[PDB]
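Student: Pasting in a structure now, in structure tokens, and then I'll have a few things to ask.
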Amino acid sequence: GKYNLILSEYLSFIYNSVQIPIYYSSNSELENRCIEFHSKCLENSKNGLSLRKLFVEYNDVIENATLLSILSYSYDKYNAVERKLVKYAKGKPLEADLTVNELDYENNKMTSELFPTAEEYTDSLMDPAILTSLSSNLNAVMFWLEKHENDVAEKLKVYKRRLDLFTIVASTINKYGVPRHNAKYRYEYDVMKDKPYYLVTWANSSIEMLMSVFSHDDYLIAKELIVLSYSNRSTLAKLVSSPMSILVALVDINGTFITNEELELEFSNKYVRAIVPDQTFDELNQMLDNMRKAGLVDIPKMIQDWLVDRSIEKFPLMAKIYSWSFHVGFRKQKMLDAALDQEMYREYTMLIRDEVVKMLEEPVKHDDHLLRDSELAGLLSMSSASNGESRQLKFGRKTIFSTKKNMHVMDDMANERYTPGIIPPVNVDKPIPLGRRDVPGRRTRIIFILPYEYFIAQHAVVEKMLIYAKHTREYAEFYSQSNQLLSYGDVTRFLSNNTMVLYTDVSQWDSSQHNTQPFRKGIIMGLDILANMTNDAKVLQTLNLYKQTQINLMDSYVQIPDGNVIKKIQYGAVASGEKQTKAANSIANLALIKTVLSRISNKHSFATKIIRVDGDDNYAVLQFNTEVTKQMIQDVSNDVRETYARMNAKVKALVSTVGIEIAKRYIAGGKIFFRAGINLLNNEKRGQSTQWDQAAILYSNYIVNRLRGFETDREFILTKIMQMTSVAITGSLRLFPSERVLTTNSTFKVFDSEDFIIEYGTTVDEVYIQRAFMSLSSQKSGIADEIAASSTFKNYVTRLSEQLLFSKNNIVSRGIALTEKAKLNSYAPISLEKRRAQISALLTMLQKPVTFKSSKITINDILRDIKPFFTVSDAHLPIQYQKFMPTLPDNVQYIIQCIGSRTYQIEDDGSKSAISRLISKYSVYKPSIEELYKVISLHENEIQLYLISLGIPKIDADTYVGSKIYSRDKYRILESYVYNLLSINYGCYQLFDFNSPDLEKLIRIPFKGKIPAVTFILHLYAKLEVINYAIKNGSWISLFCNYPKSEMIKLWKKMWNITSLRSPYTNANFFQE
RNA sequence: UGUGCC
């Protein structure tokens, strides 16, 4: 509960010249006392009197009531920051070395020198894009510094290392003064022109980096990145994190974890000697020298010191550095610059064509319905993103403009303009609008934003390909319900003294111009073969349309802005934006890896243990009929690079016998590592999310980084959360939500009271608050109801429905209309109205909690009912599993050591149900987990009607409605739904093997009735409680359950009526992946 | 409506 105490100190620190606590209680009499206390405090403050007497008088309110919020009556002028900053600003300011970046505008010049006229100015290249101010970040660091000013021992060293660092930030910022932000947390030209262009972004990155400093090594790393970053803005991250690929090959393997037949992690005590050719060492040295040429000193030395022995025990430092560089911010070039960079492929093209044919061969011959009604499927699937051009649209009687894809389709249909049979051009006549994706370290890549004709003409086929991939292991990113651990396991498996791994990053090749010809032709050739396999008119048109999109792309043109103008240039390369983007790319890399491997063998004779393609990378494990030597590696590597070289492909191929390093993960010393480079105080782009959503997201980013090996002080995160989640009443009245409001599992939850432990209200007050918050979950929007009543809109819903189902409409119909009413949420005007409504409702709720008829049950209610029926008792679980994921914090790591981990994801969509499968066979419709959950619990007769209404044949529908499988499905649908409400596949839990035998013994549950749903919830609740206790106390306990027989029947009724809560915390988990 | 595909 330290969050509440912390908030007062921070507020007291920020303002000085009052704070009014606000409590509430589920007990009528106590609440009145809370009302009396609030009135007295306002009255006393209004008269400038002390509140000390009142606190003693209302001792009971402080002691038992639950704090809801804090009132901030501050009469200053959001200043203080200028005054506060100066004491810390003494050291010498930093000077921008305007000679380190190629492209001029990437140097820390004076804003004016970049944009002389306020009309030439643009933040397009430095916009933090986050909804929190630079001034607030600075305020947070200073506040933390003051609190930890009088600390001792090791704590002091952390303060001192941090204090030194912020000195550079403070002094440099002062030389120009703190920049001021507008209403939308943006930095305009007037504040900007006197100050160095990249000043605001740089300060944010350094502050974020410093508040994540603890050990001396952290201090050394943060300082080099900070000073260097201010000058360098385009290669520092890349230079710092490049030696990592070379490093993995060096470390030896002493006991690793592999994959077994049951596809689960199993420990192997083997030893694999690292074999590295002298040439590789020269390459690493060149990389180190390059870091040095760029002013780097401390970082290069650390890598060099490590190299003397390359002990996997002193390797965490290398890992720490790799995670660290990403925190220098994003590299945002000029669209044109990002855009500008851009006879033997016969074997390569053929494989791509063959792979495409396999993925649809069976679907095409049979005459799959999805292929037949592909157009309908695209419409249901259709998103609410952009279509490319801002159009004027009329809805009922309102004339407004939108760019949204959904809006364009509805307007077009109501004008006989809807024509998916005609796939628009993307050449010189109708150039493609561009989209951009920015990431730290790597170069900016462009994105096509093609007309919805393209999404529709490709949605059905890509879905078919994904299903094929779903069961093909070569495609690591799509295989089964696998996670990254299984992939990690597969590489280690066949590792021995007569086998070498081959990893390759082909990010450059994917964009190449050489690539697009062979790529498009291969897909097209495949499409022609598939067409020569059926006679179905519906299938051919859908198949034919897909072919057309590939042809139009072959010769494309792009609209790249060059200032304020839009130059139309010829883009002869493959860019992402299509539907088949990921699936096609995966096919292309796999075809490519296969092509290189085949050419090499003519020379060498090996065995292919495994081949894989995962994202922009691809790798393989080969086996030779002899012991691998340093000389052998050089020969295999030179030939492989040469094979890539002949195909004019620019890639980075490496050969090792112990580890590999790709974009998503890296393996060194038999251990699995994952980069932890998520930016905190700077984003990639702006969206339509609120401050609360962003605050929830920041906490999430912090949790993933903390899990991955990059920790940022929690107090700083908490401090950031307090500033972000605040709400102003006036220009001097600001309301700060309490910890209970912030952390309770409600529609307004932002973070967990205690990291790695999701709590649920076990007290009456929490329950009272939870019920109240839900009360005001959804808010109305006029602009939204308007269009929801217009003609064109209802017709669009009606046209989709009369095309989909046969019999009656409503469980399906209500969903389609709503699913379509929400898509309007991309339209800012509607988004803005919703937020304003939420705040006003929120201000009143914090002020004085309202009443609620409840009548709605949730997950928290089910858990609360169970709790009082378990008996706790100290138990003990020894550690049996060696550590394979080192970066993991100690408390999280301990649970894995004692009970183990898993290599799969727990099905939380119900897709593995027989009924869901049956719907898939005859319908293009895709029910949600929630819809399936409501549907399964319906009267046998009702279910039969619903299946028929969707097109399911009578003999099939009738057979299911009474079978054994339907009964089993009932339990399965609920199990999937319950896991979903408990986020078992997210955060820290996704790691633990909840089916662990060791975990299982700690649970004692005697059957007293026997009813699937009831048994599942008790075991799950017990498993979560035992694990959570373990996370907090580092020790274990055993659980006994004596739940009544009468009680279970009541509980079961409760279970089939659970509602789902929507909250920023929930959104953030969805947001991560 | 400072707007940006899968």
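Naming works like this for the structure tokens: A, B, ... for the chains as they're shown, residue 1 at the start of each chain, ligands 1 onward in shown order.
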Which residues of chain A are close to chain B, meaning at most 7 Å apart when you count only C-alpha atoms (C1' of nucleotides), and how do they look as a ChimeraX atom specification?
Tutor: /A:435-436,447-449,577-579,581,828-829
Student: Put those residues in a file: C-alpha atoms, as a tab-separated table (two decimals), in the first residue's frame.
Tutor:
```
chain	number	residue	atom	x	y	z
A	435	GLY	CA	3.01	4.45	-44.05
A	436	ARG	CA	6.10	4.21	-41.81
A	447	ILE	CA	4.54	0.71	-45.67
A	448	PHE	CA	1.92	0.52	-48.42
A	449	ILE	CA	-1.62	1.62	-47.52
A	577	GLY	CA	1.25	-3.53	-46.10
A	578	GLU	CA	-0.41	-6.45	-47.83
A	579	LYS	CA	-2.36	-9.21	-46.08
A	581	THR	CA	2.99	-9.84	-45.91
A	828	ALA	CA	-11.33	10.63	-33.48
A	829	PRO	CA	-14.50	12.74	-33.12
```
Student: What are the DSSP alpha helix (DSSP H) residues of range 80-323 of chain A, as number ranges by chain?
Tutor: A: 81-88, 111-114, 134-147, 154-174, 189-194, 199-210, 216-231, 236-240, 243-250, 278-293, 298-307, 316-323
Student: Write out as a short mmCIF file (atom, residue, chain, number, x, y, z; two decimals) with C-alpha atoms, in the first residue's frame each polymer residue whose atoms come within 8 Å of residue 936 in chain A, counting only C-alpha atoms (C1' of nucleotides); drop sequence neighbours fewer than 4 positions from it.
Tutor:
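The new file part_13.cif reads:
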```
data_model
loop_
_atom_site.label_atom_id
_atom_site.label_comp_id
_atom_site.auth_asym_id
_atom_site.auth_seq_id
_atom_site.Cartn_x
_atom_site.Cartn_y
_atom_site.Cartn_z
CA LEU A 932 -19.31 -19.52 -28.02
CA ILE A 943 -28.21 -24.61 -30.14
CA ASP A 969 -17.46 -29.03 -25.38
CA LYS A 970 -19.50 -27.36 -22.66
CA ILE A 973 -15.54 -23.69 -23.72
#
```
Student: I'd like the contact shell of residue 48 in chain A - 10 Å cut-off, only C-alpha atoms (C1' of nucleotides), skipping same-chain residues fewer than 5 positions apart - returned as a list in words.
Tutor: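 Using only C-alpha atoms (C1' of nucleotides), the neighbours found are residues 18, 42 and 43 of chain A.
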Student: Measuring between only C-alpha atoms, which one of A:831, A:1008, A:148, A:482 shows the shortest distance to residue 1046 in chain A?
Tutor: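 Closest residue, counting only C-alpha atoms: A:1008.
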Student: Name all residues at most 12 Å from residue 315 in chain A (count only C-alpha atoms (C1' of nucleotides); drop same-chain ones fewer than 3 positions away) and give them as a PDB file with N, CA and C atoms, in the first residue's frame.
Tutor:
```
ATOM      1  N   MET A 244      27.238  -8.629 -30.711  1.00  0.00           N
ATOM      2  CA  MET A 244      26.465  -9.700 -30.097  1.00  0.00           C
ATOM      3  C   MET A 244      26.327 -10.951 -30.968  1.00  0.00           C
ATOM      4  N   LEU A 247      29.461 -12.880 -30.641  1.00  0.00           N
ATOM      5  CA  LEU A 247      29.624 -13.345 -29.273  1.00  0.00           C
ATOM      6  C   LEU A 247      28.976 -14.688 -28.959  1.00  0.00           C
ATOM      7  N   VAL A 248      27.808 -14.946 -29.505  1.00  0.00           N
ATOM      8  CA  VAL A 248      27.089 -16.176 -29.198  1.00  0.00           C
ATOM      9  C   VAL A 248      27.897 -17.384 -29.668  1.00  0.00           C
ATOM     10  N   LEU A 250      31.102 -17.758 -29.829  1.00  0.00           N
ATOM     11  CA  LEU A 250      32.213 -17.990 -28.907  1.00  0.00           C
ATOM     12  C   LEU A 250      31.981 -18.853 -27.631  1.00  0.00           C
ATOM     13  N   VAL A 251      30.928 -18.574 -26.867  1.00  0.00           N
ATOM     14  CA  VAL A 251      30.652 -19.307 -25.619  1.00  0.00           C
ATOM     15  C   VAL A 251      30.373 -20.801 -25.723  1.00  0.00           C
ATOM     16  N   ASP A 252      30.979 -21.556 -24.811  1.00  0.00           N
ATOM     17  CA  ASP A 252      30.833 -23.009 -24.773  1.00  0.00           C
ATOM     18  C   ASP A 252      29.504 -23.428 -24.164  1.00  0.00           C
ATOM     19  N   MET A 302      34.670  -3.376 -22.086  1.00  0.00           N
ATOM     20  CA  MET A 302      33.951  -4.394 -21.338  1.00  0.00           C
ATOM     21  C   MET A 302      33.831  -5.639 -22.197  1.00  0.00           C
ATOM     22  N   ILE A 303      33.538  -5.466 -23.479  1.00  0.00           N
ATOM     23  CA  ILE A 303      33.417  -6.614 -24.374  1.00  0.00           C
ATOM     24  C   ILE A 303      34.786  -7.294 -24.528  1.00  0.00           C
ATOM     25  N   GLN A 304      35.819  -6.467 -24.630  1.00  0.00           N
ATOM     26  CA  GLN A 304      37.176  -6.961 -24.806  1.00  0.00           C
ATOM     27  C   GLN A 304      37.665  -7.738 -23.583  1.00  0.00           C
ATOM     28  N   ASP A 305      37.335  -7.251 -22.387  1.00  0.00           N
ATOM     29  CA  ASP A 305      37.752  -7.917 -21.156  1.00  0.00           C
ATOM     30  C   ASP A 305      37.097  -9.280 -21.086  1.00  0.00           C
ATOM     31  N   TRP A 306      35.839  -9.327 -21.480  1.00  0.00           N
ATOM     32  CA  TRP A 306      35.075 -10.564 -21.453  1.00  0.00           C
ATOM     33  C   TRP A 306      35.687 -11.589 -22.405  1.00  0.00           C
ATOM     34  N   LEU A 307      36.127 -11.112 -23.559  1.00  0.00           N
ATOM     35  CA  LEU A 307      36.690 -11.982 -24.572  1.00  0.00           C
ATOM     36  C   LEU A 307      37.882 -12.835 -24.144  1.00  0.00           C
ATOM     37  N   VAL A 308      38.592 -12.433 -23.097  1.00  0.00           N
ATOM     38  CA  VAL A 308      39.760 -13.202 -22.664  1.00  0.00           C
ATOM     39  C   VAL A 308      39.420 -14.637 -22.302  1.00  0.00           C
ATOM     40  N   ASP A 309      38.269 -14.839 -21.674  1.00  0.00           N
ATOM     41  CA  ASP A 309      37.834 -16.177 -21.279  1.00  0.00           C
ATOM     42  C   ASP A 309      36.446 -16.573 -21.820  1.00  0.00           C
ATOM     43  N   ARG A 310      35.621 -15.580 -22.148  1.00  0.00           N
ATOM     44  CA  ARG A 310      34.287 -15.816 -22.691  1.00  0.00           C
ATOM     45  C   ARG A 310      33.480 -16.758 -21.814  1.00  0.00           C
ATOM     46  N   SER A 311      33.475 -16.511 -20.509  1.00  0.00           N
ATOM     47  CA  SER A 311      32.733 -17.371 -19.592  1.00  0.00           C
ATOM     48  C   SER A 311      31.249 -17.048 -19.598  1.00  0.00           C
ATOM     49  N   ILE A 312      30.423 -18.059 -19.816  1.00  0.00           N
ATOM     50  CA  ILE A 312      28.984 -17.838 -19.832  1.00  0.00           C
ATOM     51  C   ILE A 312      28.522 -17.259 -18.490  1.00  0.00           C
ATOM     52  N   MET A 318      27.341  -8.697 -21.342  1.00  0.00           N
ATOM     53  CA  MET A 318      27.200  -8.552 -22.781  1.00  0.00           C
ATOM     54  C   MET A 318      25.715  -8.405 -23.094  1.00  0.00           C
ATOM     55  N   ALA A 319      24.913  -9.201 -22.396  1.00  0.00           N
ATOM     56  CA  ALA A 319      23.459  -9.205 -22.535  1.00  0.00           C
ATOM     57  C   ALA A 319      22.894  -7.865 -22.088  1.00  0.00           C
ATOM     58  N   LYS A 320      23.456  -7.316 -21.016  1.00  0.00           N
ATOM     59  CA  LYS A 320      23.009  -6.047 -20.454  1.00  0.00           C
ATOM     60  C   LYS A 320      23.239  -4.936 -21.473  1.00  0.00           C
ATOM     61  N   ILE A 321      24.386  -4.973 -22.141  1.00  0.00           N
ATOM     62  CA  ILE A 321      24.723  -3.965 -23.140  1.00  0.00           C
ATOM     63  C   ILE A 321      23.797  -4.004 -24.349  1.00  0.00           C
ATOM     64  N   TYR A 322      23.446  -5.215 -24.786  1.00  0.00           N
ATOM     65  CA  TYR A 322      22.609  -5.411 -25.968  1.00  0.00           C
ATOM     66  C   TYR A 322      21.226  -4.814 -25.736  1.00  0.00           C
ATOM     67  N   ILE A 667      20.622 -17.115 -28.328  1.00  0.00           N
ATOM     68  CA  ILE A 667      21.040 -18.214 -27.461  1.00  0.00           C
ATOM     69  C   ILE A 667      22.549 -18.273 -27.287  1.00  0.00           C
ATOM     70  N   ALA A 668      23.011 -18.184 -26.038  1.00  0.00           N
ATOM     71  CA  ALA A 668      24.442 -18.208 -25.715  1.00  0.00           C
ATOM     72  C   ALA A 668      24.722 -19.093 -24.506  1.00  0.00           C
ATOM     73  N   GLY A 669      25.615 -20.062 -24.656  1.00  0.00           N
ATOM     74  CA  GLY A 669      25.905 -20.920 -23.526  1.00  0.00           C
ATOM     75  C   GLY A 669      24.749 -21.836 -23.163  1.00  0.00           C
ATOM     76  N   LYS A 671      21.951 -21.230 -22.938  1.00  0.00           N
ATOM     77  CA  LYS A 671      20.896 -20.447 -22.295  1.00  0.00           C
ATOM     78  C   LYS A 671      20.134 -19.582 -23.306  1.00  0.00           C
ATOM     79  N   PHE A 673      18.208 -16.158 -24.296  1.00  0.00           N
ATOM     80  CA  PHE A 673      18.227 -14.742 -23.947  1.00  0.00           C
ATOM     81  C   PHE A 673      17.262 -13.972 -24.856  1.00  0.00           C
ATOM     82  N   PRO A 886      18.399 -16.850 -17.615  1.00  0.00           N
ATOM     83  CA  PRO A 886      19.135 -16.049 -16.644  1.00  0.00           C
ATOM     84  C   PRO A 886      18.580 -14.679 -16.253  1.00  0.00           C
ATOM     85  N   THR A 887      18.233 -13.857 -17.242  1.00  0.00           N
ATOM     86  CA  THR A 887      17.749 -12.494 -16.970  1.00  0.00           C
ATOM     87  C   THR A 887      16.571 -12.397 -15.982  1.00  0.00           C
TER      88      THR A 887
END
```
Student: Nearest to residue 86 in chain A among A:209, A:131, A:173, A:610, with distances taken over only C-alpha atoms: which residue is it?
Tutor: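 Under the stated criterion, the closest residue is A:173.
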Student: Write out as a PyMOL selection string the set of residues from range 622-758 of chain A that DSSP, computed on the backbone, places in strand (DSSP E).
Tutor: chain A and resi 622-624+652-656+660-661+666-668+671-673+727-728+733-737
Student: Please identify all polymer residues within 10 Å of range 161-168 of chain A, counting only C-alpha atoms (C1' of nucleotides), omitting same-chain residues fewer than 4 positions from it, and present them as a PyMOL selection string.
Tutor: chain A and resi 85-94+138+141-142+145+149+156-157+172-174+203+206-207+209-216+218-220+222-223+226-227
Student: At a cut-off of 10 Å, using only C-alpha atoms (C1' of nucleotides), what residues contact residue 487 in chain A? Leave out same-chain residues fewer than 3 positions from it and give the result as number ranges by chain.
Tutor: A: 258-259, 473, 476-477, 479, 482-484, 490-492, 612, 614, 665, 903
Student: Write out, as a compact mmCIF listing (two decimals), in the first residue's frame, the residues just selected, with N, CA, C and O atoms.
Tutor:
```txt
# COMPACT_ATOMS: atom_id res chain seq x y z
N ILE A 258 16.87 -29.09 -23.93
CA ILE A 258 16.48 -29.47 -25.28
C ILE A 258 15.00 -29.83 -25.42
O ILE A 258 14.24 -29.79 -24.45
N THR A 259 14.61 -30.17 -26.64
CA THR A 259 13.24 -30.55 -26.93
C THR A 259 13.07 -32.06 -27.02
O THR A 259 13.84 -32.73 -27.68
N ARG A 473 6.50 -27.31 -38.88
CA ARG A 473 7.50 -26.79 -37.97
C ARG A 473 8.54 -25.85 -38.54
O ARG A 473 9.15 -25.11 -37.77
N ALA A 476 8.51 -21.43 -37.56
CA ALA A 476 8.57 -21.27 -36.11
C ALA A 476 7.52 -20.33 -35.52
O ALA A 476 6.94 -20.60 -34.47
N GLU A 477 7.28 -19.23 -36.21
CA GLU A 477 6.33 -18.24 -35.73
C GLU A 477 4.87 -18.67 -35.78
O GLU A 477 4.04 -18.06 -35.11
N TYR A 479 3.86 -22.40 -35.98
CA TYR A 479 3.63 -23.77 -35.54
C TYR A 479 2.90 -23.98 -34.22
O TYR A 479 3.31 -23.48 -33.18
N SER A 482 2.90 -23.21 -29.92
CA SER A 482 4.26 -23.06 -29.41
C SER A 482 4.66 -21.63 -29.08
O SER A 482 4.18 -20.67 -29.68
N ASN A 483 5.57 -21.51 -28.12
CA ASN A 483 6.10 -20.22 -27.71
C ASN A 483 7.57 -20.24 -28.12
O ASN A 483 8.04 -21.19 -28.76
N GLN A 484 8.31 -19.21 -27.72
CA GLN A 484 9.71 -19.13 -28.10
C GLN A 484 10.62 -20.16 -27.43
O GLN A 484 11.73 -20.42 -27.90
N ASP A 490 14.61 -26.57 -29.79
CA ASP A 490 14.93 -27.29 -31.02
C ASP A 490 16.37 -27.11 -31.50
O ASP A 490 16.98 -28.06 -31.98
N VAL A 491 16.90 -25.91 -31.38
CA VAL A 491 18.27 -25.66 -31.83
C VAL A 491 19.29 -26.43 -31.00
O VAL A 491 20.22 -27.01 -31.54
N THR A 492 19.08 -26.45 -29.68
CA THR A 492 20.00 -27.14 -28.78
C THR A 492 20.00 -28.64 -29.00
O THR A 492 21.04 -29.27 -28.98
N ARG A 612 14.59 -23.72 -40.41
CA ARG A 612 13.55 -22.86 -39.86
C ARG A 612 13.59 -21.43 -40.41
O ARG A 612 14.64 -20.93 -40.85
N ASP A 614 11.94 -17.75 -39.10
CA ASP A 614 11.18 -17.06 -38.07
C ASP A 614 11.32 -15.54 -38.17
O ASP A 614 12.26 -14.96 -37.63
N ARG A 665 15.06 -13.40 -30.60
CA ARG A 665 15.77 -13.98 -29.45
C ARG A 665 17.23 -14.34 -29.73
O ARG A 665 17.69 -14.26 -30.87
N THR A 903 6.24 -25.06 -22.81
CA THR A 903 6.61 -24.67 -24.18
C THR A 903 5.40 -24.42 -25.07
O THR A 903 5.52 -24.42 -26.29
```
Student: Using only C-alpha atoms, which residue out of A:81, A:857, A:554, A:469 lies closest to residue 137 in chain A?
Tutor: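 Closest to residue 137 in chain A, using only C-alpha atoms: A:81.
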Student: Suppose you want the space between CA of residue 494 in chain A and CA of residue 613 in chain A; what is it in Å?
Tutor: 17.3 Å
Student: What is the CA of residue 539 in chain A-CA of residue 413 in chain A distance in Å, reported with one decimal?
Tutor: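 Distance reported for this atom pair: 22.9 Å.
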Student: Looking at only C-alpha atoms, which of A:618, A:64, A:608, A:386 is the one that sits closest to residue 24 in chain A?
Tutor: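 Between A:618, A:64, A:608, A:386, the residue approaching residue 24 in chain A most closely is A:64.
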